[PDB]
Amino acid sequence: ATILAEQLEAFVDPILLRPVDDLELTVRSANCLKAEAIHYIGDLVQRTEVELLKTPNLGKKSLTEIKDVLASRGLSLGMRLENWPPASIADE
Amino acid sequence: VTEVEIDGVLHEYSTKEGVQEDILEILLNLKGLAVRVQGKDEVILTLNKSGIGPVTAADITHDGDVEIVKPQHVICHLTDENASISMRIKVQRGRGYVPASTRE
Amino acid sequence: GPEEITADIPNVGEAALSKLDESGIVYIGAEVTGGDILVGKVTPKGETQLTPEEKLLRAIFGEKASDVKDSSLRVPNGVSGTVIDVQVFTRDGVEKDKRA
Amino acid sequence: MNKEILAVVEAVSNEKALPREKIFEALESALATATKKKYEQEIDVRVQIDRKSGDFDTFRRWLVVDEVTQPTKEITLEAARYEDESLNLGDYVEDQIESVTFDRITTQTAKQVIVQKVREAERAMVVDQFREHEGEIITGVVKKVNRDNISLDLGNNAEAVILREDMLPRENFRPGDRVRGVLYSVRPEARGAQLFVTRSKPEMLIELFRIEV
């Protein structure tokens, strides 16, 4: 093996991060939140439900759809973010 | 090459309206494609061609590192005025012979 | 009652009908393995008589005149393939489903 | 409001004295169980019992607390400030809904889960029946012979288990014989109330002589 080697050394939250339109509900339930220039459900969780109920852009059926979405407790739980990002949501 | 996705083709045993070879023969002609890649593991090449005549291997929209070494290679023959193929080709590195039955 | 050719059947898994459409028949082009489901088919079971514990199930679910087992067609154990062509023939009078 | 459940409520051969409404909830979650597997968790036994309705739509809950345990059923007062502090401490305020699990299909599995729920209700009823007496000098007839255990069959579809440790050493019993003793198990047993008699205790023959003289 020494001879043959020397013969070769000259070669070698996921619901909040998802969009409102990605929700299982209809497009109207997403558009009710999207009328306030919201694209992510994290923006919906950043605002209170009372603040959304004080705007007539949401409808009566949209309130029931929002309740059905909040029944899973992933969104609209009355939270407050920095702007968008949590610590797990970090830039890398 | 590993994967091909012709646009209007469900399974490889079908036929596309306006090309005088089957989809299986197009897969053999793409299997014989001689291509160099430079700085990637795998790469996706794009092919678009419309009009009467051959679809040579030089009709692939080449990326910034993929280099075809034989551009006269025929794949198939389009045979009508408005009948066009549009496929995505997946070309990757490897070693030996890796068939389809082992590894969509 | 008759048999149900629809996908709506029990004892399944995401691996039980992840290649079937919304009406039981496998797609044209779905490359299957040995032992998947091509056509989902459920048949009737026992009749006997209406039990005391099943007296409420006698008529409270539309099509509750039949039971439900499992007799779906499967690829015989050993062969792969790619489904290239599906034929559906219907005896006249029977409701055509959405894929027919 | 099809009124099918209304007349399905009043069957009522065996669940007249049993909790009717609870059996609808039971059967409704059983229609909702069977082929559910996605959603977020499972279903919900709790559901707005609307007698009139009949097909009570499985509603969810939010349970107002001051704690962070049971994530899909958790409120606080600070979250109740968006509702203008209308929520109080400890309430079970429902703020969500659920649907059904289907078709052709999923409903003999729903029949199967309807049966499962009926069985659970029957077990509860049997427990209540055994609690009514709470151990007495009743007899019975052997039917099955298990390892170090004797199965007895009484009246009104009732079964009792005879421990071999509470039995006589030489005196061996078999099927077809009739034995009598005092039970001492009707509370916590196993999926109901396993009637456990003891034909070896003194109080066992306390009324045995009383039955004669």
# chains A, B, ... in the order shown; residues from 1 in each chain; ligands from 1

$ select_by_dssp --residues "segment 60-180 of chain D" --states "strand (DSSP E)" --output "NGL selection string"
:D and (137-146 or 149-153 or 159-163 or 178-180)

$ write_last_selection --atoms "N, CA and C atoms" --output "short mmCIF file (atom, residue, chain, number, x, y, z; two decimals), in the first residue's frame"
data_model
loop_
_atom_site.label_atom_id
_atom_site.label_comp_id
_atom_site.auth_asym_id
_atom_site.auth_seq_id
_atom_site.Cartn_x
_atom_site.Cartn_y
_atom_site.Cartn_z
N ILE D 137 -78.40 -8.75 51.46
CA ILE D 137 -78.33 -10.25 51.50
C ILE D 137 -79.12 -10.80 50.32
N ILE D 138 -78.61 -10.62 49.10
CA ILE D 138 -79.29 -11.11 47.86
C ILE D 138 -78.60 -12.39 47.38
N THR D 139 -79.32 -13.23 46.63
CA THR D 139 -78.77 -14.50 46.11
C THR D 139 -78.28 -14.29 44.67
N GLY D 140 -78.18 -15.38 43.90
CA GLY D 140 -77.72 -15.32 42.50
C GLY D 140 -77.40 -16.70 41.95
N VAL D 141 -77.13 -16.79 40.64
CA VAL D 141 -76.80 -18.09 39.99
C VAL D 141 -75.50 -17.93 39.20
N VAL D 142 -74.56 -18.87 39.40
CA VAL D 142 -73.24 -18.83 38.69
C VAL D 142 -73.48 -19.06 37.19
N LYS D 143 -72.68 -18.41 36.34
CA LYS D 143 -72.82 -18.56 34.86
C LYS D 143 -71.44 -18.84 34.25
N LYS D 144 -70.44 -18.05 34.64
CA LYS D 144 -69.06 -18.22 34.11
C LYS D 144 -68.10 -18.55 35.26
N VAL D 145 -66.97 -19.20 34.94
CA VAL D 145 -65.96 -19.58 35.97
C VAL D 145 -64.60 -18.99 35.56
N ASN D 146 -64.20 -17.89 36.19
CA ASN D 146 -62.91 -17.22 35.87
C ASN D 146 -61.82 -17.74 36.82
N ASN D 149 -62.10 -16.37 40.71
CA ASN D 149 -63.27 -15.44 40.65
C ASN D 149 -64.49 -16.23 40.15
N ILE D 150 -65.68 -15.90 40.66
CA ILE D 150 -66.93 -16.59 40.24
C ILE D 150 -67.95 -15.54 39.78
N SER D 151 -68.42 -15.66 38.53
CA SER D 151 -69.42 -14.71 37.97
C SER D 151 -70.83 -15.18 38.31
N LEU D 152 -71.66 -14.29 38.86
CA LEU D 152 -73.06 -14.63 39.23
C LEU D 152 -74.02 -13.75 38.41
N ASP D 153 -75.21 -14.27 38.12
CA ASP D 153 -76.23 -13.52 37.34
C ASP D 153 -77.52 -13.40 38.16
N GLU D 159 -75.26 -8.54 37.10
CA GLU D 159 -74.18 -9.55 37.28
C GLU D 159 -73.33 -9.19 38.50
N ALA D 160 -72.89 -10.20 39.25
CA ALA D 160 -72.05 -9.98 40.46
C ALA D 160 -70.80 -10.85 40.38
N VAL D 161 -69.67 -10.34 40.88
CA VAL D 161 -68.38 -11.10 40.87
C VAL D 161 -68.10 -11.61 42.28
N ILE D 162 -67.84 -12.91 42.42
CA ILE D 162 -67.54 -13.52 43.75
C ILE D 162 -66.03 -13.75 43.86
N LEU D 163 -65.38 -13.04 44.78
CA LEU D 163 -63.91 -13.18 44.98
C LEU D 163 -63.62 -14.57 45.57
N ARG D 178 -76.94 -22.06 43.10
CA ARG D 178 -77.48 -20.77 43.59
C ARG D 178 -76.88 -20.47 44.98
N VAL D 179 -76.14 -19.36 45.09
CA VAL D 179 -75.51 -18.96 46.38
C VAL D 179 -76.11 -17.62 46.82
N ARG D 180 -76.06 -17.32 48.12
CA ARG D 180 -76.62 -16.06 48.67
C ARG D 180 -75.62 -15.46 49.67
#

$ select_by_dssp --residues "segment 127-162 of chain D" --states "helix (DSSP H, G or I)" --output "mmCIF file with C-alpha atoms, in the first residue's frame"
data_model
loop_
_atom_site.group_PDB
_atom_site.id
_atom_site.type_symbol
_atom_site.label_atom_id
_atom_site.label_comp_id
_atom_site.auth_asym_id
_atom_site.auth_seq_id
_atom_site.Cartn_x
_atom_site.Cartn_y
_atom_site.Cartn_z
ATOM 1 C CA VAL D 127 -74.035 2.181 39.081
ATOM 2 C CA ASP D 128 -77.082 4.183 40.334
ATOM 3 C CA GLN D 129 -79.135 0.914 40.559
ATOM 4 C CA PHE D 130 -76.403 -0.785 42.680
ATOM 5 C CA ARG D 131 -76.123 2.401 44.831
ATOM 6 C CA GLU D 132 -79.911 2.173 45.495
ATOM 7 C CA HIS D 133 -79.376 -1.066 47.524
#

$ residues_around --residues "segment 13-27 of chain A" --least-positions-apart "2" --cutoff "7 Å" --atoms "only C-alpha atoms" --output "list in words"
residues 29, 30, 31, 39, 40, 41, 42, 74 and 75 of chain A

$ write_last_selection --atoms "C-alpha atoms" --output "short mmCIF file (atom, residue, chain, number, x, y, z; two decimals), in the first residue's frame"
data_model
loop_
_atom_site.label_atom_id
_atom_site.label_comp_id
_atom_site.auth_asym_id
_atom_site.auth_seq_id
_atom_site.Cartn_x
_atom_site.Cartn_y
_atom_site.Cartn_z
CA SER A 29 -64.60 36.55 7.11
CA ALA A 30 -61.08 37.36 5.92
CA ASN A 31 -62.23 40.47 4.02
CA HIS A 39 -53.02 40.91 5.92
CA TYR A 40 -51.77 38.67 8.77
CA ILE A 41 -53.80 37.32 11.69
CA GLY A 42 -51.06 38.63 13.99
CA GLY A 74 -55.07 30.84 18.38
CA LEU A 75 -56.18 34.32 17.35
#

$ residues_around --residues "residue 66 of chain D" --least-positions-apart "5" --cutoff "8 Å" --atoms "only C-alpha atoms" --output "list in words"
residues 75, 76, 77, 89 and 90 of chain D

$ interface_residues --of "chain A" --to "chain D" --cutoff "6 Å" --atoms "only C-alpha atoms" --output "MDAnalysis selection string"
chainID A and resid 50 67:68 71 73 78

$ write_last_selection --atoms "C-alpha atoms" --output "PDB file, in the first residue's frame"
ATOM      1  CA  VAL A  50     -63.754  45.623  21.277  1.00  0.00           C
ATOM      2  CA  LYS A  67     -66.052  33.735  17.294  1.00  0.00           C
ATOM      3  CA  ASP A  68     -65.640  30.425  15.437  1.00  0.00           C
ATOM      4  CA  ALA A  71     -62.869  29.189  19.617  1.00  0.00           C
ATOM      5  CA  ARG A  73     -57.891  30.318  20.890  1.00  0.00           C
ATOM      6  CA  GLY A  78     -56.467  39.909  23.495  1.00  0.00           C
TER       7      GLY A  78
END

$ closest_atom_pairs --of "chain D" --to "chain C" --cutoff "6 Å" --atoms "only C-alpha atoms" --output "JSON lines"
{"residue": "D:104", "atom": "CA", "partner": "C:8", "partner_atom": "CA", "distance": 5.7}
{"residue": "D:105", "atom": "CA", "partner": "C:9", "partner_atom": "CA", "distance": 3.7}
{"residue": "D:106", "atom": "CA", "partner": "C:10", "partner_atom": "CA", "distance": 5.5}
{"residue": "D:108", "atom": "CA", "partner": "C:68", "partner_atom": "CA", "distance": 5.8}

$ closest_atom_pairs --of "chain C" --to "chain B" --cutoff "9 Å" --atoms "only C-alpha atoms" --output "tab-separated table"
residue	atom	partner	partner_atom	distance
C:28	CA	B:10	CA	7.3
C:29	CA	B:11	CA	4.7
C:30	CA	B:11	CA	7.7
C:31	CA	B:11	CA	8.3
C:82	CA	B:11	CA	7.4
C:83	CA	B:11	CA	8.1
C:84	CA	B:13	CA	6.9

$ atom_distance --atom1 "atom CA of residue 209 of chain D" --atom2 "atom CA of residue 181 of chain D"
12.8 Å

$ atom_distance --atom1 "atom CA of residue 3 of chain B" --atom2 "atom CA of residue 103 of chain B"
11.7 Å

$ residues_around --residues "segment 45-51 of chain B" --least-positions-apart "2" --cutoff "9 Å" --atoms "only C-alpha atoms" --output "ChimeraX atom specification"
/B:43,53-55,59-63,66,78-91

$ write_last_selection --atoms "C-alpha atoms" --output "PDB file, in the first residue's frame"
ATOM      1  CA  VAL B  43     -31.241  22.927 -10.526  1.00  0.00           C
ATOM      2  CA  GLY B  53     -40.670  22.069 -36.119  1.00  0.00           C
ATOM      3  CA  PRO B  54     -38.269  20.428 -33.692  1.00  0.00           C
ATOM      4  CA  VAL B  55     -37.766  21.288 -30.052  1.00  0.00           C
ATOM      5  CA  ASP B  59     -34.481  25.970 -26.540  1.00  0.00           C
ATOM      6  CA  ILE B  60     -34.053  25.623 -22.782  1.00  0.00           C
ATOM      7  CA  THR B  61     -33.925  28.924 -20.901  1.00  0.00           C
ATOM      8  CA  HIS B  62     -30.443  28.541 -19.441  1.00  0.00           C
ATOM      9  CA  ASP B  63     -29.632  29.786 -15.949  1.00  0.00           C
ATOM     10  CA  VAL B  66     -26.129  25.583 -16.277  1.00  0.00           C
ATOM     11  CA  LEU B  78     -44.134  20.105 -32.602  1.00  0.00           C
ATOM     12  CA  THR B  79     -46.415  19.750 -35.560  1.00  0.00           C
ATOM     13  CA  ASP B  80     -49.056  22.512 -35.642  1.00  0.00           C
ATOM     14  CA  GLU B  81     -49.212  26.300 -35.635  1.00  0.00           C
ATOM     15  CA  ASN B  82     -50.762  26.688 -32.171  1.00  0.00           C
ATOM     16  CA  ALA B  83     -49.590  23.628 -30.258  1.00  0.00           C
ATOM     17  CA  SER B  84     -46.911  24.260 -27.680  1.00  0.00           C
ATOM     18  CA  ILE B  85     -45.095  22.362 -24.937  1.00  0.00           C
ATOM     19  CA  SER B  86     -43.943  24.045 -21.743  1.00  0.00           C
ATOM     20  CA  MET B  87     -42.044  21.893 -19.287  1.00  0.00           C
ATOM     21  CA  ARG B  88     -39.891  22.078 -16.191  1.00  0.00           C
ATOM     22  CA  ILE B  89     -36.805  19.867 -16.007  1.00  0.00           C
ATOM     23  CA  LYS B  90     -34.933  18.948 -12.815  1.00  0.00           C
ATOM     24  CA  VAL B  91     -31.199  18.233 -13.196  1.00  0.00           C
TER      25      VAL B  91
END
